[PDB]
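Enquirer: Okay, here's the structure, questions in a sec.
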Amino acid sequence: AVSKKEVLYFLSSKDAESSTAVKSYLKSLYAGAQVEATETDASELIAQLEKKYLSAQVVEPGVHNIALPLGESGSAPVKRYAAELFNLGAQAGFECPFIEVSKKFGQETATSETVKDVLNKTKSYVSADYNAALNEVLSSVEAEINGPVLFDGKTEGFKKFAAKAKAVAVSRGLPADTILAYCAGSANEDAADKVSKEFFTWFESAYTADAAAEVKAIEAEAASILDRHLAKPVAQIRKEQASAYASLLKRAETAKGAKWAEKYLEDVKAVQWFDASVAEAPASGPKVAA
Amino acid sequence: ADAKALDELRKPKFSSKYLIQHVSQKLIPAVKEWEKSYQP
Amino acid sequence: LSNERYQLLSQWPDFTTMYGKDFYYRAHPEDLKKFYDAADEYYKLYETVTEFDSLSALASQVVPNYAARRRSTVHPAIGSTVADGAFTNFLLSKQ
Amino acid sequence: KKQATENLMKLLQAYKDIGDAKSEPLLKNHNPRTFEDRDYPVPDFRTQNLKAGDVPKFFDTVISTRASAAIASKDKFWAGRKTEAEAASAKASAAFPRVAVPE
């Protein structure tokens, strides 16, 4: 059963095993069961850890339900794949990726006075091809002041760095004037409309190029896994795979009583139903209850 | 036997979801007993 | 992908047209060992490219590393180009 | 590997053309008896100072030297036949039928 904080996370979720846990919970509440009071407890560090591990139970069956657009031509399979992961972010409680990674910046650098310590605590989230181009330009503005460039904004020594880092950001290809004019806004709704149409033209060309770089790495991983496997004789392949299949079954049979190992071996019985339901009618496929 | 369902057949099979649940069922109740008992 | 490799085993020359004994005895005895080894090699390549029941276990070597990259603590759909372009909103604004 | 197999099949065609041009027998050059010199000066055991048990070991090393010199003369034929066919497999046709695989 679910712990009533999982089932609040699975309401806007749309995978199968989470909706049938919701639907049997809503069928219990139709038969007069009391909805248990959700906890007004679990302080700021424990609340961010439950949100970390309940979002990952919405993301994990959702990622396995998104077909990769491997070996497709065009942007719309890559835009479908990116839109399904956007919607998986919203179903799991994430915001927009722009609003969720900039929250990661301002959280990791809450205590930063100099921008060299910004550029070292946001190292995991910024590309090293871009972290280096902001560190080389930093040491030139460090050469003009011969004092550490501050994370102040009011400082004029930062204002000449922010005009040099804007020259770096346009060199990568990303419009730093359009990005800044979106998250700041404007007064009228007509001049803010044209900059949102120009941010979302960058943003869609941004997240497509992250999805397409993810597809081009799965395509390159699968093509090197296959070409290594096609160089084996077929007798080696069948026993390398039967050794890997049997070792991975035994790890789920060593684990007794665990919920994951009970569900692992129950899905092995559901794959063998799929192979057996196809053998009865192969022009029809698997037989669904209809 | 035959003809399972549709909502039984829409489940992704070898996802984690239950290692993530088994970890959070043994990390969240084990860390509430860390902040309630914490002095440096 | 296994089709693109099978399509170039479709273009292999029919070596069994040179199996007769008028090719056995005209040929150098070491260029006939190589010819009979290049025919045994094609059956090694062809019997493994048509092992299509092994492609399902090869797909499970791609899944778990992909699925862990989607369990990002930031977002499932995050990438470098978005997180770089959202650094200039963070850096080129005031503090 | 497809080009190595086309090179081997073009070589094995070049062996068959320059053998059928010379109209030579099939088993002649693979038989090392045909490269044996029967007009060899055939050493006399009566001029080699053999003792009592030494004559059959003299006969074996006159035979095995003459069989090895016929085998090594067969190898010198085929090493010269190879370069005659390696230089005609280069200027060749390579119109071979393909292996029937299902489409």
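Read-outs throughout are calculated quantities, based only on the coordinates presented, and are distinct from any laboratory measurement. Positions of Cβ are backbone-derived with ideal geometry, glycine not excepted, and every protein chain shown enters the neighbour counts.
Enquirer: Can you work out ³J(HN,Hα) from phi for every residue in region C:71-87, in order, using Karplus 6.51 cos²θ - 1.76 cosθ + 1.60 and θ = phi - 60°, giving whole Hz and x for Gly and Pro?
Expert: 7, 7, 6, 8, 6, x, 9, 6, x, 6, 5, 6, 6, 7, x, 8, 7
Enquirer: Kirkwood Rh, the protein assembly as shown, all Cα pairs: how many Å? Walk me through the intermediate numbers first.
Expert: Working: mean 1/r = 0.0323 Å⁻¹.
Value: 30.9 Å, from the Cα pair sum.
Enquirer: Report the per residue volume, in Å³, of the convex hull enclosing the C-alpha atoms of chain B.
Expert: Details: hull volume 3.8 nm³, N = 40.
Convex hull volume per residue, Cα atoms: 95 Å³.
Enquirer: If you don't mind, another one. Considering only the other residues whose Cβ falls under 13 Å of the Cβ of A:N87, what net charge follows from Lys and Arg at +1 and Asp and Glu at -1? Provide the component values of the computation, followed by the final result.
Expert: Details: positive: A:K14, A:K79, A:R80; negative: A:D15, A:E84, A:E95.
It works out to a net charge of 0.
Enquirer: Another question about this same structure. Kindly express, to the nearest 10 degrees and within the range 0 to 90, the angle between helix D:2-20's C-alpha long axis and the longest C-alpha principal axis of chain D.
Expert: Result, in degrees: 60.
Enquirer: Also: Under 19 Å Cα-Cα from D:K91, which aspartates and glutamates qualify once same-chain neighbours fewer than 8 residues away are excluded?
Expert: Output for D:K91: C:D31, D:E6, D:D17, D:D20.
Enquirer: For region A:189-290, place one equal point scatterer on every Cα, skip the solvent, and apply the Debye formula. What is log10 of I(q)/I(0) at q = 0.10, 0.21, 0.22, 0.24 Å⁻¹?
Expert: -0.66, -1.09, -1.09, -1.09
Enquirer: A further question follows. What net charge is computed for the residues neighbouring A:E280, neighbours being all others with C-beta under 10 Å from the C-beta of A:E280, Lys and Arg scored +1, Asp and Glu -1? Let's see the in-between values first.
Expert: On the way: positive: A:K287; negative: B:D2.
With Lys, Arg at +1 and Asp, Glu at -1, the net is 0.
Enquirer: Hey, if you put +1 on the Cβ of every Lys and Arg and -1 on every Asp and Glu Cβ in chain A, which of A:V149, A:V215, A:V234 ends up farthest toward the positive end of that dipole?
Expert: In chain A, that residue is A:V234.
Enquirer: Which residue, chosen from A:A67, A:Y25, A:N120, occupies the Cα position most advanced towards the positive end of the dipole of region A:1-153, where the dipole is computed from +1 (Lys, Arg) and -1 (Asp, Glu) charges on Cβ about the Cα centre?
Expert: So the residue we want is A:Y25.
Enquirer: Assign unit charges at the C-beta atoms only (+1 for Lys and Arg, -1 for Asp and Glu), then state the dipole size of chain B relative to its Cα centre in Debye, rounded to the nearest 20. Let's see the in-between values first.
Expert: Numbers: 8 positive and 5 negative charges, 15 e Å.
Dipole magnitude for chain B comes out near 80 debye.
Enquirer: Can you compute the charge dipole magnitude of region A:1-121 about its Cα centre, using +1 on each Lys and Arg Cβ and -1 on each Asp and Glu Cβ, nothing else charged? Give it in debye, rounded to the nearest 20.
Expert: Details: 13 positive and 16 negative charges, 61 e Å.
Charge dipole, region A:1-121, about its Cα centre: 300 debye, nearest 20.
Enquirer: Apply the Karplus parameterisation 6.51 cos²θ - 1.76 cosθ + 1.60, with θ equal to phi minus 60°, to every residue of region A:67-78 and state each ³J(HN,Hα) to the nearest whole Hz, in sequence, with x for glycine and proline.
Expert: Values per residue, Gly and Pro as x: 5, 5, x, 6, x, 10, 9, x, 8, 6, x, 6 Hz.
Enquirer: Working from Cα positions, state the angle (0 to 90°, nearest 10) between the long axis of helix B:19-35 and the longest principal axis of chain B.
Expert: So the inclination is approximately 20 degrees.
Enquirer: Now for a separate question. Rank D:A69, D:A94, D:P56 by how far each Cα sits towards the positive end of the charge dipole of chain D (+1 on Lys, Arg Cβ; -1 on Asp, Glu Cβ) and give me just the farthest.
Expert: Towards the positive end, the residue furthest out is D:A94.
Enquirer: Rounded to the nearest 20 Debye, what is the dipole magnitude of region C:3-56 about its Cα centre when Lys and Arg each give +1 and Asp and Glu each give -1 at the C-beta?
Expert: 220
Enquirer: Please compute the net charge surrounding A:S112, taking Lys and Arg as +1 and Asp and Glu as -1 over other residues with Cβ under 12 Å from its Cβ.
Expert: Values: positive: A:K116, A:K121; negative: A:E108, A:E113, A:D117, A:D152.
Combined, the nearby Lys, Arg, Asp and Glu give -2.
Enquirer: Here is a follow-up. Within chain C, which DSSP H helices have Cα atoms that stretch 27 Å or more along the helix axis and a mean Kyte-Doolittle hydropathy of at least 1.0? Mind showing how you got there, number by number?
Expert: Working: long enough: C:29-49 (31 Å, -1.05).
Span-like helices, by this rule, are absent here.
Enquirer: Using a Gaussian network model of chain D with C-alpha springs under 10 Å, which one of D:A92, D:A69, D:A14 is most mobile by mean-square fluctuation?
Expert: D:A92
Enquirer: Going down the table (A:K239/A:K287; A:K14/A:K250; A:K4/A:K52; A:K256/B:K26), which pairs top 28 Å between alpha carbons? Mind showing how you got there, number by number?
Expert: Working: A:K239/A:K287 32 Å; A:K14/A:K250 32 Å; A:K4/A:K52 16 Å; A:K256/B:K26 16 Å.
As for pairs spanning more than 28 Å Cα to Cα, those are A:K239/A:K287; A:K14/A:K250.
Enquirer: Can you pick out the pairs among A:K121/A:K160; A:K216/B:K17; C:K21/D:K57; A:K216/B:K13 whose Cα atoms lie more than 31 Å from each other?
Expert: Working: A:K121/A:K160 22 Å; A:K216/B:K17 26 Å; C:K21/D:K57 40 Å; A:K216/B:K13 25 Å.
From the list (A:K121/A:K160; A:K216/B:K17; C:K21/D:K57; A:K216/B:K13), the Cα-Cα distance tops 31 Å for C:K21/D:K57.
Enquirer: Before rounding to the nearest 500, sum -39500 (n - 2.57) across all DSSP H runs of length at least 4 in chain A and divide by the residue total; then give [θ] at 222 nm in deg cm²/dmol.
Expert: Working: 12 runs with 200 residues, N = 290.
Result for chain A, helices only: -23000 deg cm²/dmol.
Enquirer: If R0 is 51 Å, what FRET efficiency do you get for A:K103 and C:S10 from their C-beta distance, rounded to 0.05? Walk me through the numbers on the way to the answer.
Expert: Values: r = 54 Å, r/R0 = 1.07.
With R0 = 51 Å, the Cβ-Cβ based efficiency is 0.40.
Enquirer: If you build a Gaussian network model of chain A, linking Cα atoms that sit under 10 Å apart, which residue out of A:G93, A:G257, A:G157 swings the most?
Expert: Highest fluctuation of the listed residues: A:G257.
Enquirer: Relative to the longest principal axis of the C-alpha atoms of chain A, give the angle of the C-alpha long axis of helix A:259-280, reported between 0 and 90° and rounded to the nearest 10°.
Expert: That works out to roughly 60 degrees.
Enquirer: A further question follows. Could you list A:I145, A:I99, B:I28 in order of exposure, starting from the residue whose Cβ has the fewest other Cβ atoms within 10 Å?
Expert: Sorted ascending by nearby Cβ count, the order is A:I99, A:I145, B:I28.
Enquirer: Further question on the same structure: Each label point is 7 Å from the Cα along the Cα-to-Cβ direction; what then is the distance between the points at A:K216 and A:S3, in nm?
Expert: 4.2
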